[PDB]
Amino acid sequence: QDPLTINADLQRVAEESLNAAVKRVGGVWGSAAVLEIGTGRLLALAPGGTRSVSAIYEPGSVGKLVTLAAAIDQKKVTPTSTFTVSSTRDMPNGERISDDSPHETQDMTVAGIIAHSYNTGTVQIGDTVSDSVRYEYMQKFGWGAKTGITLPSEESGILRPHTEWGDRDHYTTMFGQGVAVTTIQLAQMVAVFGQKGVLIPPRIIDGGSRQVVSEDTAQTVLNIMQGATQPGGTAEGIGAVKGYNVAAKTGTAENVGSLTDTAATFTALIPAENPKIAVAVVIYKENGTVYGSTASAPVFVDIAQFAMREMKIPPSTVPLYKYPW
């Protein structure tokens, strides 16, 4: 019978979690997409109108995975390459870049950088690759284009041609600012890292795809992503799905509305040793800041715990991956 892909129980979990989280956090709206890994099948899409597919927003530091992957794919960097992290850092082109909150400067590996999500580290990582190269990766990950799901009013996102980026744009697009995204785009993206560098176009209809990154870089981005829940990681505690290895990335971005809003974002893969779902969450607050971790992780967590039961996936048999930092 059922020609749609939605899992009704999973959908209800999503809507519930989502609704609660938006209330909890004083947001004005939210959205969540759960994609099955390997098939591109939508298991859940909240809030169930079309806003999930048509509301666009600057995603923030979830965009960091695009730049990380580019640098790695181009072999310009490795998990264990080391850079200096600082509360601010003045760049060649006259730009000052700042971390969320000041910290003692120190050297960190790439692994630890995006794990702590330090802009000052990632900006350096992005500088190892040309803007036209980054730009091309951004497009292959599906930014600035409709995913092509069969639901009305999909927005294409905003991805200005790199040849158009100023000194600020050079660096802001490195951590998902100066770019607009829909939640469906974000799920499709992270899905790549569980798909051996392949992007599968999402589907809501079953029935009386492209290579974005190498299989190897996908897997390394996958290992780095597991650093999110470990001590010091932005999703420590809050991102934990008891008994299951979680690869994830938070994001907390400013948006206009001028520049008074924020979008708390979360994109995760689970279970990390062998991903079965790709999850993307966003909660938008209007005159206030809201953190991907405090806001959106809990949603993923509720969804993720159910999905693992629902899909009769056994708990993780192997340790959460660690690179030294």
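Quick note: we count residues from 1 along the sequence shown, nothing fancier.
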>> Residues without coordinates, deposited sequence, stretch from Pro152 to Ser153: is the count none, 1 to 3, 4 to 9, or 10 or more?
In response: none
> Which class describes the count of deposited residues lacking coordinates between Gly208 and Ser209: none, 1 to 3, 4 to 9, or 10 or more?
Replying inline: 1 to 3
> Which is higher on average in the deposited entry, the C-alpha temperature factors of 100-108 or of 80-88?
Replying inline: 100-108
> Between 110-118 and 156-164, which has the higher average C-alpha B-factor in the PDB entry?
Replying inline: 156-164
> Say you rank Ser258, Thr265, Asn274, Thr39 by Cα B-factor from the PDB entry; which sits at the top?
Replying inline: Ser258
> Hey, out of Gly94, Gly227, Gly251, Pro202, whose CA B-factor is highest in the deposited coordinates?
Replying inline: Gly94
>> Quick check on the deposited entry: does the C-alpha B-factor of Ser52 sit in the lowest, middle or highest third of its chain?
In response: highest
>> Looking at the temperature factor on the CA atom of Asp169, which third of the chain's modelled residues does it land in?
In response: highest
>> Quick check for you: using the entry's CA B-factors within this chain, is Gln219 in the lowest, middle or highest third?
In response: lowest
> According to the PDB entry, is the CA B factor of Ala295 in the bottom, middle or top third of its chain, that is, lowest, middle or highest?
Replying inline: middle
> Going by what the PDB entry lists, where does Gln305 fall on CA B-factor within its chain: lowest, middle or highest third?
Replying inline: lowest
